[PDB]
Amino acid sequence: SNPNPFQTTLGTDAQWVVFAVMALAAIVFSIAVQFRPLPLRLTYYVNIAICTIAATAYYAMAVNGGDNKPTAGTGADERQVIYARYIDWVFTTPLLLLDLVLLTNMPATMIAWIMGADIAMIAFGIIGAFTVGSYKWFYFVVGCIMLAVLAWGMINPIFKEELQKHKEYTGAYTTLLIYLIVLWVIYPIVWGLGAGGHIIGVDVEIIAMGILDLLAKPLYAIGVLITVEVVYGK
């Protein structure tokens, strides 16, 4: 019955921890890229941007979440809406896809609709998060279809040779992309259980997405960075 529907100190403490890790990753990548040859630096900068944006969003959430506003719903169904995460995601999820797109020869037209589907997905999530009642699930389902669309586009360079830079990169591209898709599918499950269904509380959703964000941003970035270094060195 809409358990624990407001952020408490548990969720705030989790956000400060993720803030610290995101900030540290951004700093470490920023020092590291100074030592690396010019062809690799764009990939470092993309990941510095990702972790910096995420750190800023988690700073905002940790400073403000205890205000227990805004909310959606009334009476016993009222639940806090944490929306800073969506502002993070509309900038970082295109950059996370760009990490892999840079390993391919995708044409601009294809990059355009993959990135468009990604941005639409986030837009549907935040609209749904503020929607009271059953229409929230229309936004949710269309956002899920957008995830399927962007995933299909990202999968195509695996088996379309004309979309590949080198057959060499296919193993790492495939493995990194499967890791990404696995993690990204968990986000709508958390949303459906929390923001949508009010089945899990706000601190639980914060912790779940804090774990996902650490896996999907700095740990993923280390995998991408290792990949481009190994490929360039051979």
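Residue indices: 1-based, along the sequence shown.
The PDB entry records a higher mean C-alpha B factor for 5-13 than for its counterpart among 206-214 and 5-13. Taking only CA atoms, the mean B-factor in the PDB entry is higher for 161-169 than for the other of 161-169 and 59-67. Between the residues 78, 118, 99, 88, it is 78 that shows the highest Cα B-factor in the PDB record. Residues shown: 108, 146, 122, 154. Highest C-alpha temperature factor in the entry: 108. Among the modelled residues of its chain, residue 34 has a C-alpha B-factor that falls in the highest third according to the deposited record.
Among the modelled residues of its chain, residue 141 has a C-alpha B-factor that falls in the middle third according to the deposited record. Per-chain ranking of the deposited C-alpha B factor places residue 84 in the middle third.
Residue 112 sits in the highest third of its chain by CA B factor, as recorded in the PDB entry.
Per the deposited record, the Cα B-factor of residue 126 falls in the middle third when ranked against the other modelled residues of its chain.
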